[PDB]
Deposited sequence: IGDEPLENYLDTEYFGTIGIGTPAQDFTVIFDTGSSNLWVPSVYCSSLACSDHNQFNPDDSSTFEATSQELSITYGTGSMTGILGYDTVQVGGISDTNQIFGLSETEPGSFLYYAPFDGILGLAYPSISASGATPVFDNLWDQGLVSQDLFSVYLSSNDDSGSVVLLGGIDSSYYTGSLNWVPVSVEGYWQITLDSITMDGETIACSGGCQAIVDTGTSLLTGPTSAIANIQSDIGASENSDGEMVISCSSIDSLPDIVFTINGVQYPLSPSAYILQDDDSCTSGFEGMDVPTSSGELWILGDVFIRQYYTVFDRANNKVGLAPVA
C-alpha cells in the first residue's frame, strides 16, 4: 500500500511529488482522475511553460528507454505535445518500473505557465489515454505493485496538509458512515449517473438523471451552462464587473444544503462547501458534450466533502463523508 501526499494549493489544485529516472529527477504533478496520461516537461521543449518548470533530461537516467511514439493532449484548459519514453517512476513509495510517459515538446498557453505543478498524472481509464499510453495505475496493477486494484483520495479543506492518494488501499480514519458504492456508467472517465440535484426539497437541476464524472483535477463543481445558471440564481450568485460569480458571505449561514442524489443515496453539500471576505460560487458552467450526454464534473468542491474510492477491480466509485 502506498501513500502519495498531496499539497493543497489554495483549495484549487492538489499535486504531489514523483521521481522519474535513475537517479530520480523530481516533479510535481496533478493527480488527475479526469485524464489518464502521465507526462512531464522535458529538455526537448522550448515553450515558456517548459522554461519555468522542471524539465526531465533522459540523458541523465540510466534506466530511460526511448520510443518512436508521439503524444498530443488537449485539456479543458492547457495542452501539450511530446514523445513517449519509458523509465522508473517513484510514486507513493512504490517503484513503478517500466512506466511509459510523455516528455513534453510543446506546452503552449498561459495556464501551464502560471500553474505551480510541472506535469499531470492521470488516474482514469486506458480508453481515454492519448496514444494508448499505459496509465500509471494500470502499470502498477499489471506488475503486481498493489495487491488490491483500487486507490482512494482524501482532499483536505482550508489549505490544510494531509491530502493523500492511497494506492491499493482504503483507510476508514478519513471518513465516517458506510462507504456507498456507485457503478461506473461509462468506463473512460470515472463517470457515474446522478439522479437529481435538490435544494430545500425541490429539484433544481438534473431532472430525470444526468451524467457526471468524479474529477480531482477540477477545482469547481461544473455543469451545463443552462443548468448552472439556474443554480447560481437559486443561491443568489451574480456575475460582477470582473467576471466573478459573487455571492454574499452572509448566505453561508442562510442558505440550505444542495443535495446530490447518486445511486439513490443523498449527498449534501453545505453552503460552507459550495460557497468559496470575498465569497464566490463553487459552481461553474462548462459544457462537455459526449455520446453519453453533457457531463457534470464533481470536482474538488465535492470531493473535499466525500472520501472517494476508485475501484478498478469492480468498476465502481465509493463515497463516504470526510471525517
{"property": "Deposited positions without coordinates, collected into consecutive stretches in sequence order", "result": "277-279"}
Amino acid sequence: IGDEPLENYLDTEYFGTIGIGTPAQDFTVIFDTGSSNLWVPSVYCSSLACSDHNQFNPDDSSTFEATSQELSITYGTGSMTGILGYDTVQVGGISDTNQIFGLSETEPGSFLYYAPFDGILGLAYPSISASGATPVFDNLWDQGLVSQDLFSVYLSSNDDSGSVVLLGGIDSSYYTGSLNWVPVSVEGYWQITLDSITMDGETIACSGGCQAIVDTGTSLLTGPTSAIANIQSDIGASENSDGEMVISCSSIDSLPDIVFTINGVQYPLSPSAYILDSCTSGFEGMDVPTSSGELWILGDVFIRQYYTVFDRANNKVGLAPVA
From here on, numbers count along this sequence of modelled residues.
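Note that the rigid core is defined as the largest set of C-alphas that superpose within 1.5 Å between two forms.
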property: RMS CA shift, core-fitted in 5 other deposited structures of this protein, bigger for 126-134 or for 235-243; result: 235-243
property: Which of 109-117 and 83-91 lies farther from this form in 5 other deposited structures of this protein, as RMS of C-alpha positions after a rigid core fit; result: 109-117
property: Residue range whose averaged C-alpha B-factor is higher in the record, 25-33 or 59-67; result: 59-67
property: Mean C-alpha B-factor comparison - 301-309 and 9-17, higher one; result: 9-17
property: Candidate residues 228, 150, 112, 194, the one whose C-alpha B factor the record puts highest; result: 228
property: 42, 263, 280, 51, ranked by C-alpha B-factor: the highest one; result: 280
property: Lowest, middle or highest third - CA B-factor, residue 85; result: middle
property: Residue 91 by Cα B-factor - lowest, middle or highest third of the modelled chain; result: lowest
property: Residue 274 by Cα B-factor - lowest, middle or highest third of the modelled chain; result: highest
property: Ranked against its chain, the third holding the CA B-factor of residue 180; result: middle
property: Chain-wide C-alpha B factor ranking for residue 73, given as lowest, middle or highest third; result: middle
